[PDB]
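Visitor:
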Amino acid sequence: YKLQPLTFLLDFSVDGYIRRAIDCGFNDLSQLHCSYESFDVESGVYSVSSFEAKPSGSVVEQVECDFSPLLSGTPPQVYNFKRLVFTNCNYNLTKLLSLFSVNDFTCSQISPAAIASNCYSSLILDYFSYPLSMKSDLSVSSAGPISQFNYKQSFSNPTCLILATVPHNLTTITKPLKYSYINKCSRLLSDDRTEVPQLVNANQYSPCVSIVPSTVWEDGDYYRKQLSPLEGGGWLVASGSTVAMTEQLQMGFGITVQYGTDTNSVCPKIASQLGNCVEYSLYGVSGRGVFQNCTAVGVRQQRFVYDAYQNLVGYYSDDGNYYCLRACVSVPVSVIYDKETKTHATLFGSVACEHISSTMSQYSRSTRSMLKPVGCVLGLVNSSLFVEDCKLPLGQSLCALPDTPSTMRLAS
Amino acid sequence: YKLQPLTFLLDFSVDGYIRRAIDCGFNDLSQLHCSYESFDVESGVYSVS
Amino acid sequence: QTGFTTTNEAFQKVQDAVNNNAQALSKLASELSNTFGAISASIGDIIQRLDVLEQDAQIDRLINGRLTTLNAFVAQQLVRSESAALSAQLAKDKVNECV
Amino acid sequence: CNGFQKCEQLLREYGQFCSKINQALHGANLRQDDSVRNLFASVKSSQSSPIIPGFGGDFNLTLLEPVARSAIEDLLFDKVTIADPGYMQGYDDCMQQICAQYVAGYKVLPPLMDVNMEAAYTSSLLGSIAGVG
Amino acid sequence: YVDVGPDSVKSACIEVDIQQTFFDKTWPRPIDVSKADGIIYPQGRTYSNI
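Residue numbers (the entry's author numbering), protein chains in the order written: chain A, 316 to 377, 381 to 586, 595 to 698, 710 to 744, 757 to 761; chain B, 316 to 364; chain C, 1009 to 1107; chain D, 811 to 877, 886 to 915, 924 to 959; chain E, 18 to 67.
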């Protein structure tokens, strides 16, 4: 017998050895037995989880930006880092990792597999020359000098910090004379009594970085530029430290994913148009809805449309076809235990009678894989006698007027 | 005209273009409209600075 | 018979009571389903964030917030039912004597 | 939750909280039914005069049933705007287009009394008023 | 980089007369929110009638 994690109500006799157990998952009555924590529950109308329609006919809606410029030519220093933005273009993560051996791979606030699989609104990649030894000094957020005065990554945006070594075989990358960074950046005030340090923002240009040459002449070299009176006067103090060049060039790369921009798909005929059913997906937003031609409301300047709710409907995404989606249909189930008569009757609330499907044929949701046209009560009920007026009446009140006496045998 | 961050009540036509808007920050009367989130509100005593 | 909405204040009270019950049920449920998590699609980190670890954290906080909001909604329903029971007894007394 | 494997693992731990919420809702619905029955019991057991188009001379009677759904009561139900409860065809009406089952997820229970049954109770009261005067 | 085409070969720039006082006029045009003057539409998506 297969074993699966399950919640089992356990009844213990005087000995304490288990004698009777209830499986909550199998059958609606067993879920009711788990409720109240009693083997037998008093007869009542009890709601059960609604049966959601199965998703079907999924629709999916999803140039070729090369990563060659980043790996070609001399990489700039961390203070002089240059960021390249790639938008609406096919991209391959595998090619970049194969091209450069990756000593350290880390992604913050995001999953590396997830970003590759999911289309991204924007992909900004920053190229910098970074020594391999100080892996700790480079961080998305740190008090270390490289984050504080050289290159930083935005904590709020999901960001990936990658340290890689250029292969000797690759000739496109040109080794810098030596790794260079500015250890300390500060600006003297006009009075000169107080000097205030400046911390570089992520993806933010630095005036001190510009005054320092791309390769610092000496470790702890000092550069002084007198600030203009228009900018408040005083002097600019820059201290740059040099790291000896490694035999193999090492480059620090900062990866930033933007999903903020509404309309952009950086992706790595079921999926196409036709499919007036539950499953669907669009350029950047995926939702389950039924699409019908409506031609009622929408400027159409933006393909996605909002319903004044936190989750936008996103309808009218195709310019050619005006389709307005609807919410997924779920059918509520109400069961009367009728413990005294020991008969269970199942009623599906609303959704007419024909719409409901026997044994969850059209509905994925069920208590378990094994479950459990005459007239049309509040909902179709599996009872042999549709009407038995004045026969042993009991006030079950399953829906409204019907008393449903089973002393099955409903609507009296 | 310089722009500054602010919350503005927005009215959308069937075309969806914004025919009219309300600036809540401009005055107490606009602030009561912003509180109800309705362009037209019945006259009543309202919270003030 | 000719005027109910303006002539009768009591009819306006019926309209207000019907509007209040419908508004409370519709507004509350929709707001809870409307991205309770700071950054979510009603489900936290379903695939985009750090696989299972990030997903479990965001889903857990969203579920806990929904449960507390549901408890507040249930408490409001219990207060409404108690007030209804008192009013129903008053209505029965009016039918017994005044009518 | 919309319904996911991850949601289920957390939900089973919080299952007791979900169960207690359901118990309170079931009790509230039952007590509301008990209140409706108590008011109906007072109306019932009273002899009722057969309804007459004119109960007395020179007396206008909008209360007379058009035939269920007395005129003024219909006026009242019409002026007001109730779209929250749909039964049997309510889900079908939403698909044609409130949306209790479509989004979020709750079920609005039936009143448990037909409008015609409520009108019949008012009809019995109308006959009783003249007799118990 | 980019090319703007050949630079002007003119020997000297044309003389400019500055008359700020003549230009100054009383023409007040306050932003009217009611008429949606100078408000950007939300770029993310179109919105419902309400």
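All C-beta atoms in this analysis are idealised placements derived from N, C-alpha and C, irrespective of residue type, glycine included.
Counting only C-beta atoms, is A678(A) closer than 7 Å to chain D at any point?
Guide: Yes, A678(A) lies at the interface with chain D (some Cβ there is under 7 Å from its Cβ).
Visitor: Opposite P730(A) in the DSSP bridges: which residues?
Guide: Paired residue(s): none; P730(A) is not in a bridge.
Visitor: Count the other C-beta atoms from every protein chain shown that fall within 10 angstroms of the C-beta of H486(A), then say buried if there are 16 or more, exposed otherwise.
Guide: Its Cβ having fewer than 16 others within 10 Å, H486(A) is exposed.
Visitor: DSSP on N942(D), reduced to helix/strand/coil?
Guide: Here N942(D) sits in helix by DSSP.
Visitor: Quick one: what's got a C-beta closer than 6 Å to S858(D)'s C-beta in the same chain, skipping five residues either side?
Guide: Hits under 6 Å: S950, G953 and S954.
Visitor: For a contact meaning CB atoms closer than 8 Å, what does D330(B) contact in chain A?
Guide: Under the 8 Å cutoff, chain A gives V625.
Visitor: Where do the N-terminal and C-terminal ends of the beta strand (DSSP E) with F850(D) fall, by residue?
Guide: Careful: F850(D) lies outside any beta strand (DSSP E), inside the alpha helix (DSSP H) at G825 to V853.
Visitor: Looking only at its chain, what residues have a beta carbon closer than 6 Å to the beta carbon of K493(A), apart from the 5 residues adjacent to it on each side?
Guide: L567, listed in sequence order.
Visitor: Any idea if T412(A) is buried or exposed, counting beta-carbon neighbours within 10 angstroms, 16 or more meaning buried?
Guide: Under this definition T412(A) is an exposed residue.
Visitor: Count the C-beta pairs between the stretch 338-358 of chain A and the stretch 450-461 of chain A that are closer than 8 Å, then say yes if the count reaches three, no if not.
Guide: No: the two stretches stay apart, fewer than three of their Cβ pairs being nearer than 8 Å.
Visitor: Can you tell me where the beta strand (DSSP E) holding residue 378(A) begins and where it ends?
Guide: Absent here is residue 378(A), because the residues of chain A run from 377 on to 381 with nothing modelled in between.
Visitor: Taking beta-carbon pairs under 9 Å, can you tell me which members of the stretch 341-357 of chain B lie near chain E?
Guide: Per Cβ criterion, the list reads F341 and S345.
Visitor: Residues of chain C with CB under 7 Å from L871(D), in chain order?
Guide: Within 7 Å Cβ-Cβ: nothing; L871(D) doesn't reach chain C, min ~11 Å.
Visitor: Would you check if the distance between the CB atom of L697(A) and the CB atom of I682(A) is smaller than 7 Å?
Guide: Contact flag unset, no.
Visitor: DSSP three-state call for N501(A): helix, strand or coil?
Guide: If DSSP states are grouped into helix, strand and coil, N501(A) belongs with the strands.
Visitor: Below 8 Å on the Cβ atoms is my contact criterion, and I expect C736(A) with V584(A) to pass it. Report the Cβ-Cβ distance as a whole number of Å.
Guide: Contact flag wrong, Cβ pair sits at about 53 Å.
Visitor: Quick one, which of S472(A), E513(A), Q346(A) and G558(A) has its alpha-carbon nearest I529(A)'s?
Guide: The shortest Cα separation from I529(A) among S472(A), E513(A), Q346(A) and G558(A) belongs to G558(A).
Visitor: Counting C-beta neighbours from all protein chains within 10 Å, is the total for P393(A) 16 or more, i.e. buried, or is it exposed?
Guide: Per the 10 Å Cβ criterion, buried.
Visitor: Is there at least one Cβ from chain B nearer than 7 Å to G55(E)'s Cβ?
Guide: At least one chain B Cβ lies under 7 Å of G55(E).
Visitor: Runs of 4 residues minimum, wholly inside the stretch 382-416 of chain A: which ones carry the alpha helix (DSSP H) assignment?
Guide: Here the runs fully enclosed are 386-389.
Visitor: Run down chain E in chain order and give the residues with a C-beta less than 7 Å from the C-beta of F630(A).
Guide: Correct list: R62.
Visitor: At least one CB of chain E closer than 7 Å to the CB of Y361(B): is that the case?
Guide: No, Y361(B) does not count as interfacial toward chain E.
Visitor: Using a Cβ cut-off of 8 Å, which residues of the stretch 1045-1077 of chain C contact any Cβ in chain A, in chain order?
Guide: Answer in chain order: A1049, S1050, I1055, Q1056, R1057, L1058, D1059 and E1062.
Visitor: Using 10 angstroms around the beta-carbon of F39(E), count the other beta-carbons present and answer buried if the total reaches 16, otherwise exposed.
Guide: Under this definition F39(E) is an exposed residue.
Visitor: Could you list which residues in chain A have their beta carbon closer than 9 Å to that of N1042(C), in chain order?
Guide: Ordered by position in chain A, the residues that pass the 9 Å Cβ test against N1042(C) are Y635, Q636 and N637.
Visitor: Is the Cβ-Cβ distance between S856(D) and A945(D) less than 7 Å?
Guide: No, they are not a contact pair.
Visitor: Using a Cβ cut-off of 8 Å, pull out every chain A residue sitting near residue 783(D), in sequence order please.
Guide: Here chain D covers residues 811 to 959 and nothing more, so residue 783(D) does not appear.
Visitor: Could you tell me which residues DSSP puts in a beta bridge with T672(A)?
Guide: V661(A), per the DSSP bridge assignment.
Visitor: Note down, in chain order, all residues in the stretch 566-580 of chain A with a beta-carbon under 8 Å from any beta-carbon belonging to chain E.
Guide: Within the stretch 566-580 of chain A, the qualifying residues are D580.
Visitor: Look up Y448(A) in the DSSP assignment and give the residues it is bridged to.
Guide: Its beta-bridge partners do not exist; DSSP assigns none.
Visitor: Taking a Cβ distance cut-off of 9 Å, strictly less, list which residues of the stretch 1083-1095 of chain C are near chain A, in chain order.
Guide: Answer set for the stretch 1083-1095 of chain C: empty.
Visitor: Out of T490(A), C654(A) and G552(A), which has the shortest C-alpha to C-alpha gap to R511(A)?
Guide: If we check each option's Cα against that of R511(A), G552(A) comes out closest.
Visitor: Quick one: is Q1031(C) near chain D, going by C-beta distance under 7 Å?
Guide: Output row for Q1031(C): interface = no.
Visitor: Could you spell out where the alpha helix (DSSP H) holding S559(A) opens and where it closes?
Guide: Element bounds for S559(A): not the alpha helix (DSSP H) but the beta strand (DSSP E), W553 to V561.
Visitor: Near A336(A), which residues of its chain fall below 8 Å by C-beta distance, leaving aside the five closest residues on each side in sequence?
Guide: Same-chain partners within the cutoff: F323, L324, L325 and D326.
Visitor: Which of the three DSSP states, helix, strand or coil, is assigned to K698(A)?
Guide: Residue state, collapsed to three classes: coil.
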